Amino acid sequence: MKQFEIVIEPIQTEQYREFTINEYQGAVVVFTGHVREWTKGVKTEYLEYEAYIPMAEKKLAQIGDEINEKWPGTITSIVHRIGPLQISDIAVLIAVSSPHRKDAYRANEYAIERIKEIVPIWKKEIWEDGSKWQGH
């Protein structure tokens, strides 16, 4: 298990909490992004994720550095899955430990916003009658 990783296997979640804990930390926040079935109108069959892997892994490492700078005392771990994901599968997991609770919440929310901004990962939404790569 790397601190920052792109994987093809289902994400084993609890080991990421463990990585971030030590005696100085009193808080851990874990965020998991799951595939939703319904509603921008027509039901999602599944999601296909792909990545430019080495650079994607680097950009995740970079977000960890930004978090260390902005919130010292934190430890961050991030993993993203690729390939076809089913309804409710974990696409992404972010774990941030910290001495006190607020930094953990802040750094964790920072991470997910930065992933959506700078990491070369792309999702394709497939449904019965078609499919389309997403932007933003």
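One rule holds for the numbers: they count along the sequence shown, beginning at 1.
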{"query": "Between 41 to 49 and 22 to 30 (mean CA B-factor, as deposited), the higher", "finding": "41 to 49"}
{"query": "32 to 40 versus 93 to 101 - greater average Cα B-factor per the deposited record", "finding": "32 to 40"}
{"query": "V119 - Cα temperature factor, lowest/middle/highest third of chain", "finding": "lowest"}
{"query": "CA B-factor placement of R81, once the chain's modelled residues are sorted into thirds", "finding": "lowest"}
{"query": "Within-chain third of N108 by Cα B-factor, per the entry", "finding": "lowest"}
{"query": "Cα B factor band for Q62 (lowest, middle or highest third within the chain)", "finding": "middle"}
{"query": "Third assignment of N68 from its chain's C-alpha B-factors", "finding": "highest"}
